[PDB]
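Coordinate analysis (summary)
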Amino acid sequence: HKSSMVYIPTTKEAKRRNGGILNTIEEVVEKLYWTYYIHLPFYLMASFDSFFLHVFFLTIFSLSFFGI
Amino acid sequence: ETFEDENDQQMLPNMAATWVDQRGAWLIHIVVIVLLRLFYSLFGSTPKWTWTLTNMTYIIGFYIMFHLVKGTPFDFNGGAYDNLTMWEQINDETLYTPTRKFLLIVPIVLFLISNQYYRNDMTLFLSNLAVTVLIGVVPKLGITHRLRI
Amino acid sequence: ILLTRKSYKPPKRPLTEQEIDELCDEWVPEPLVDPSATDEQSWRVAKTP
């Protein structure tokens, strides 16, 4: 019972079709970036406020590290 | 207000003054305070300046949010609240509820904690006590309800 | 002192002249006596020696 629907494979399947540890490092970096990005309201700011808030947080972390 | 206005007000829960009773609505006022301390300390000045800045900014922000704007930020029925601030709409105009008690207690404890550091300066001590008393508890009394100057 | 209050509600504004007048004109009292059952009971009066 075939229909006119085009299916899209899960990312796991895409990697399996496309086949050491450096990629694992890159993906955990991506994971961390995803957490940081989604738990803050970046999807609702055009570009300027988002850029400004990024600089803001980066400055906070830099100053905290320098002090401690 | 008259019968129709009260019916419009009572016909629907006020979405702009009901979240204050939900989960986490109390710990947020304490959490926004601990962040101001870590930011004004990051400025890098002497303790008394950091503490007075913290107390001042919290009180001013709280006032400008809960006391300055009148009405609902969206359409209610025909507005039905076109001349009431957010503080007066808490708990459908019932005074001295636990929420109102907590929001009264917060600035006093803020001053008590901050006092120990800038206590040795008369000007800072006077300014902080003046701003606390005159921009905190006073608008939140039961005698200043619906009082326009 | 603040922590020891009772959590009341603001007092309702009282009525005024015209409200009272229209309410009073809206009120209707019953008659002194009840004239409904008088006629089917007056045989007592009519049959007294």
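Residues numbered from 1 in each chain as written, not as in the entry; some residues may be left out. Chains lettered and ligands numbered in written order. Part of a larger assembly, values for the part shown. Heavy atoms only, no water.

**Considering the overall build of chain B**
- Counting secondary structure elements, chain B contains five helices and zero strands.
- Of the regular secondary structure in chain B, the N- to C-terminal order runs α-α-α-α-α.
- When the 149 residues of chain B are sorted by exposure, 38% land in the buried category.
- A sequence separation of at least 24 residues applies to 61% of the contacts in chain B between residues at least 6 apart.
- Counting every atom, chain B has about 9,200 Å² of accessible surface; 67% of that belongs to carbon and sulfur.
- Averaged over its 10 positive side-chain charges, chain B has a centre that lies 19 Å from the centre of its 12 negative ones. (Helix = DSSP H or I, 4+ residues; strand = E, 2+ residues; numbered from the N terminus. Buried < 20%, exposed > 50% of the residue type's maximum accessible area, 1.4 Å probe, protein only. Contact = heavy atoms within 4.5 Å. Areas by Shrake-Rupley, 256 points an atom, 1.4 Å probe, with all protein chains shown as cover. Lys, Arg positive; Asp, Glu negative; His and termini not counted. Charge placed at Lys NZ, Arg CZ, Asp CG, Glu CD.)

**Things to note about the overall build of chain C**
- Along chain C, the regular secondary structure elements total two helices and zero strands.
- By principal-axis analysis of the C-alpha atoms, chain C measures approximately 80 × 30 × 15 Å.
- When the 49 residues of chain C are sorted by exposure, 0% land in the buried category.
- Of the roughly 5,400 Å² of accessible surface on chain C, 58% is carried by carbon and sulfur atoms.
- Side-chain charges in chain C split into 7 positive and 10 negative, and the spacing between the mean points of these groups amounts to 17 Å.

**Quick notes on the side chain of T52(B)**
All names here are of chain B.
- Within the element layout of this structure, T52 appears in helix α3 (residues 47-66).
- Residue classification places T52 among the buried positions, given a relative accessible area of 4%.
- Reaching out from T52, the side chain makes a polar contact with the side chain of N128 at a distance of 2.7 Å. (Polar contact = N/O pair within 3.5 Å; in protein donor to acceptor, adjacent residues only side chain to side chain.)

**Digging into the nonpolar core**
All names here are of chain B.
- Formed by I33, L36, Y40, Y58, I59, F62, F66, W87, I90, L103, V106 and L110, the largest nonpolar core amounts to twelve residues.
- Only α2 (27-43), α3 and α4 (98-118) provide two or more residues apiece to this core.
- At four residues, α3 tops the list of elements feeding residues into this core.
- Other than its neighbours up to four places away in sequence, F66 contacts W19, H29, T85, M86, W87 and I90. (Core = buried A, V, L, I, M, F, W, Y, C linked by side-chain atoms within 4.5 Å.)

**A look at the interface of chain B and chain C**
- On the side of chain C, seven residues touch chain B, which itself brings eight residues to the contact.
- Where chain B abuts chain C, roughly 930 Å² becomes buried across the two surfaces, and 66% of that area is made up of carbon and sulfur atoms.
- Among the residues of chain B in contact with chain C, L95(B), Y96(B) and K101(B) are the three that bury the most area, contributing 49% of the side total.
- Between the two partners, chain B and chain C, sit one salt bridge.
- Put simply, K9(C) and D92(B) hold a salt bridge, and the shortest N to O gap is 4.0 Å.
- Along the contact surface separating chain B from chain C lie one residue pair in polar contact.
- Its residues assigned to classes, the side of chain B that touches chain C comprises three nonpolar, two polar and three charged. (Buried area = accessible area lost by both parts, 1.4 Å probe. Salt bridge = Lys/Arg side-chain N within 4 Å of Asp/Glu carboxyl O. Nonpolar A, V, L, I, M, F, W, Y, C, P; charged D, E, K, R; others polar.)

**What to know about the UniProt feature "transmembrane region" in chain B**
Residue and element names in this part refer to chain B.
- Taken from the UniProt record, the annotation "transmembrane region" applies to residues 24-44, 49-69, 94-114 and 123-143.
- In the segment residues 49-69, helix accounts for 86% and strand for 0%; the C-alpha atoms at its two ends are 30 Å apart.
- Split by type, residues 123-143 is 62% helix and 0% strand. Its first and last C-alpha atoms lie 30 Å apart. (UniProt positions renumbered as here; feature names shortened; annotations may be inferred.)

**Some points on the side chain of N14(B)**
Residues and elements named next belong to chain B.
- With respect to the secondary-structure elements, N14 resides in the loop between α1 (3-10) and α2.
- Assessed through its relative accessible area of 8%, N14 is described here as buried.
- In terms of polar contacts, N14 uses its side chain to reach the backbone amide nitrogen of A16, at 3.2 Å.
- When near neighbours in sequence (up to four residues on either side) are disregarded, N14 contacts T72, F76, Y81 and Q89.

**Side note on unusual backbone geometry**
Residues and elements named next belong to chain B.
- A positive phi angle is found at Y96, which is not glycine, with a value near 60°.
- Note on placement: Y96 falls in the loop between α3 and α4.
- On the accessibility criterion, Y96 (16% relative accessible area) is buried.
- At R146, a residue that is not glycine, the phi angle is positive and equals roughly 55°.

**Some details on α4(B)**
- Taking 1.5 Å per residue as the helical rise, α4(B) with its 21 residues ought to reach 30 Å, and the 31 Å between its terminal C-alpha atoms agrees with that figure.
- Among the structural elements, α2, α3 and α5 (122-135) of chain B are those in contact with the buried residues of α4(B). (Expected span 1.5 Å × (residues − 1).)

**Regarding α3(B)**
Residue and element names in this part refer to chain B.
- For α3, built from 20 residues, the straight-helix expectation of 28 Å at 1.5 Å per residue is met to within 8% by its first-to-last C-alpha distance of 29 Å.
- Among all positions in α3, only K48, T50, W51, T52, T54, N55, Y58, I59, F62 and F66 are buried.
- On its buried face, α3 is in contact with α2, α4 and α5.

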